């Protein structure tokens, strides 16, 4: 009755340990084997057995600490986190998920869920703009610590928020986009922590639109343009999937393929 756990540590982490981690994560969010336009599609929420609704990422760091983020196979997002003998979840957006998250860290007594949800809108209200939150092995190392000591008044909410967003971006959004993973690799590569640039943020923001445009394509052709931005902020249109195949790695199920 235990979900699968992918392991990763910021302790002497390398572009390889990270790369393997992200691929291992994707590996477990795609067993479903439903690809479209060479891009894998996440399991369909609707009718998905609770038993295979989540996967766990155990995160360790230099300070020999470990937290376990819970991710929804449905969208690769962190729904909750377990810090040792504590376990907190985000506030679900519906009765449906609300029920599911209560299957996560059950043997944990001090498990509870906040009043706020885990979407950036909220998390940015609590902790600030993604565009101002540094990413890299450094932040993730500390984000893990914070998460760990939240239950012991070691972590402020705005800080808990931030700790979450960096994990989400460095993990969920990396799993979703090989472009973001790529971006992390460079940071890790050079031990240079930094904030997400326009291109990264806009991508996270467009994941839903993209998953759709792409799945409702005629032949890789979009019904309407998806707008994106270059690292310099400038926006551009994308009427074709080809350009995205190497960018996005996961898509949320949006409709059944035509038989």
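Numbering follows the first chain given and starts at 1.
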{"item": "Of 83-91 and 141-149, the stretch whose C-alpha atoms average the higher B-factor in the entry", "value": "83-91"}
{"item": "Between the two ranges 167-175 and 98-106, the one averaging a larger CA B factor in the entry", "value": "98-106"}
{"item": "Highest recorded Cα temperature factor - choice among 53, 36, 209, 26", "value": "209"}
{"item": "Largest Cα B-factor, entry values, listed residues 63, 46, 57, 201", "value": "46"}
{"item": "CA B-factor placement of residue 121, once the chain's modelled residues are sorted into thirds", "value": "highest"}
{"item": "Residue 248 by Cα B-factor - lowest, middle or highest third of the modelled chain", "value": "lowest"}
{"item": "CA B-factor ranking of residue 238, expressed as a third of its chain", "value": "middle"}
{"item": "Cα B factor band for residue 40 (lowest, middle or highest third within the chain)", "value": "middle"}
{"item": "Residue 157 CA temperature factor, ranked by third within the chain", "value": "highest"}
